[PDB]
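Hydrogens, waters and symmetry mates are skipped; everything else that's a heavy atom, side chains included, is used. Chain letters run A, B, ... following the sequence lines, proteins first, then strands; residues in each count from 1.
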Amino acid sequence: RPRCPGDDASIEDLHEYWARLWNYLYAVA
Amino acid sequence: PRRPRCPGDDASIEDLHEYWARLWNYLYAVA
Amino acid sequence: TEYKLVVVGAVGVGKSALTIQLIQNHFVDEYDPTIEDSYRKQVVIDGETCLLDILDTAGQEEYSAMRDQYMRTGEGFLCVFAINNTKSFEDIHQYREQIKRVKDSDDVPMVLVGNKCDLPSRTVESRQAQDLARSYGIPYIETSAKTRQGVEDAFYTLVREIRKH
Ligand SMILES: Nc1nc2c(ncn2[C@@H]2O[C@H](COP(=O)(O)OP(=O)(O)NP(=O)(O)O)[C@@H](O)[C@H]2O)c(=O)[nH]1
Ligand SMILES: [Ca+2]
Ligand SMILES: [Ca+2]
Ligand SMILES: [Ca+2]
Ligand SMILES: [Mg+2]
């Protein structure tokens, strides 16, 4: 489960997080 | 466009799903 | 421009190892509990930069509306079989049909990948895979996540297929 990205997070930080969340949510179905 | 808030330790997979979808919308709106 | 890439195929064909070669440039396990593993990469393809997000799907298949939605977000799909696993190769039709279903279109950017080509135990022949791919009007690339052969080319060629949609 990926750590939340934080309030200082750049747009690029959020894309990186998103791609991780994508894989995580798929994997645990 | 509003930056969604990542949910806490306790949240459901459906709550993570919701964030996933909102975060895609936000990232699409802002690019 | 962003590209959402989805890697699919039967159990153990090497989906994760391919993804791991693309992003991290190694095949042997590394140990690093400090870092989360990444599914995003910046690359230049044919003189244009892009950002790639890779959905590296579980081999274990099931019904799931949320999984369908995760796959629907994909713009192009690597359909991976392993050259030593005839069943993984026969499964590709089923994976193509599933992508067509989820996407609600017959015209979905796709590449056929025959992985584990370094192995001594080939059971599926290049010519055979070329013909399936030609039958589908999609490119075919053979790869080894072990040696890195074809790995770039597989994902980059998919990007090329998206650019023609
Ligand atoms: N020799 C060789 N072995 C490979 C190659 N790619 C993957 N493997 C091996 O095959 C096994 C499965 O690899 P893995 O990447 O987990 O495949 P997967 O499709 O993600 N598995 P799953 O479907 O279970 O999620 C591992 O032992 C891995 O080291 C390759 O190109 N050559
Ligand atoms: Ca399940
Ligand atoms: Ca590395
Ligand atoms: Ca299910
Ligand atoms: Mg895997």
Side-chain angles (χ1 to χ4, degrees), chain A, chain B, chain C residues 1-8 15-16 18-24 34-58 64-78 99 102-105 107-111 152 154-165:
Chain A
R1 189 203 209 78
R3 43 153 133 75
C4 283
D7 293 300
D8 67 315
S10 73
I11 294 307
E12 186 60 30
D13 290 343
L14 295 179
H15 276 278
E16 192 75 36
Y17 169 84
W18 190 84
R20 291 191 186 110
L21 187 52
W22 200 25
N23 284 270
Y24 178 77
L25 296 168
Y26 189 103
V28 305
Chain B
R2 158 98 139 296
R3 184 173 304 210
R5 328 98 225 114
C6 186
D9 283 325
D10 68 337
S12 69
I13 280 143
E14 187 185 35
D15 293 332
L16 291 172
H17 189 82
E18 282 153 11
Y19 180 50
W20 178 83
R22 267 95 182 285
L23 184 58
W24 190 92
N25 292 332
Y26 173 77
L27 293 172
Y28 178 87
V30 135
Chain C
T1 350
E2 199 96 6
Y3 301 94
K4 312 304 194 198
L5 311 197
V6 182
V7 181
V8 302
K15 302 175 280 293
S16 297
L18 289 169
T19 293
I20 288 176
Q21 270 288 14
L22 175 69
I23 303 298
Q24 299 183 38
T34 300
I35 64 128
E36 295 195 323
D37 276 8
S38 162
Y39 290 102
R40 193 171 171 74
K41 190 178 191 184
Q42 195 180 28
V43 297
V44 188
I45 296 157
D46 298 348
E48 200 191 334
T49 323
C50 42
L51 275 303
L52 312 177
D53 290 342
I54 301 85
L55 182 61
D56 172 35
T57 64
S64 171
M66 289 163 99
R67 282 190 170 181
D68 285 355
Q69 196 182 339
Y70 309 143
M71 285 200 292
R72 196 169 289 116
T73 297
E75 294 151 330
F77 299 80
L78 286 192
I99 294 156
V102 160
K103 295 292 286 184
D104 192 16
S105 162
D107 175 41
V108 180
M110 256 185 263
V111 164
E152 245 67 279
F155 292 95
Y156 291 6
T157 300
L158 185 55
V159 169
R160 294 191 186 97
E161 297 294 300
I162 299 152
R163 288 172 175 174
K164 296 164 198 165
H165 201 269

Will you find, in the side chains of B/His17 and C/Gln69, an N or O donor that is under 3.5 Å from an N or O acceptor? yes

Qualifying residues under disulfide bond (SG atoms under 2.5 Å apart), relative to B/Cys6, sequence neighbours excluded: A/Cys4

Evaluate the ring planes of B/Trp20 and A/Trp18, with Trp represented by its six-membered ring, and classify them as parallel (under 30°), tilted (30 to 60°) or perpendicular (over 60°). parallel

Among C/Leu158, C/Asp56, C/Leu22, C/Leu78, find the residue that satisfies the side chain to side chain contact (heavy atoms under 4.5 Å, CB included) test when tested with C/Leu5. C/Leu158

Applying side-chain contact (heavy atoms from CB on, under 4.5 Å), run through C/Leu51 and C/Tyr3 and close with a yes or a no. CA-CA 6 Å; C/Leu51 275 303; C/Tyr3 301 94; over 6 Å; no

Would you say C/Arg72's side chain and C/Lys103's backbone share a donor-acceptor pair under 3.5 angstrom? no

Minimum heavy-atom separation for A/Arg3 and C/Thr34, please, with both atom names. NH2-O, 3.5 Å

Do any N or O atoms from the side chain of C/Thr57 and from the backbone of C/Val7 form a donor-acceptor pair under 3.5 angstrom? yes

List the residues meeting side chain to side chain contact (heavy atoms under 4.5 Å, CB included) with B/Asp9, not counting sequence neighbours, and say none if there are none. none

Ring centres under 6.0 Å, that's the criterion: do B/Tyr28 and B/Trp24 meet it? yes

Decide whether B/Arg2 and B/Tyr26 meet the rule of one side-chain donor and one side-chain acceptor closer than 3.5 Å. no

With heavy-atom distances below 4.5 Å as the criterion, would you say the side chains of C/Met66 and B/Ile13 are in contact? yes

Donor-acceptor contact present, side-chain B/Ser12 to main-chain B/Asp15, <3.5 Å: yes

So, C/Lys41 side chain and C/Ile54 main chain: donor-acceptor pair closer than 3.5 Å or not? no

Any side-chain heavy-atom pair of C/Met71 and C/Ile99 under 4.5 Å: no

Quick one, C/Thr19 and C/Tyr39 - any side-chain contact, counting heavy atoms below 4.5 Å? yes

Presence of salt bridge, A/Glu16 and A/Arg20, under 4.0 angstrom: yes

Under the side-chain hydrogen bond (donor to acceptor under 3.5 Å, both in side chains) test, residues paired with C/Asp53 that sit two or more places apart: C/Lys4, C/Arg40

Answer yes or no: is there a side-chain heavy-atom contact under 4.5 Å between C/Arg163 and C/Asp46? yes

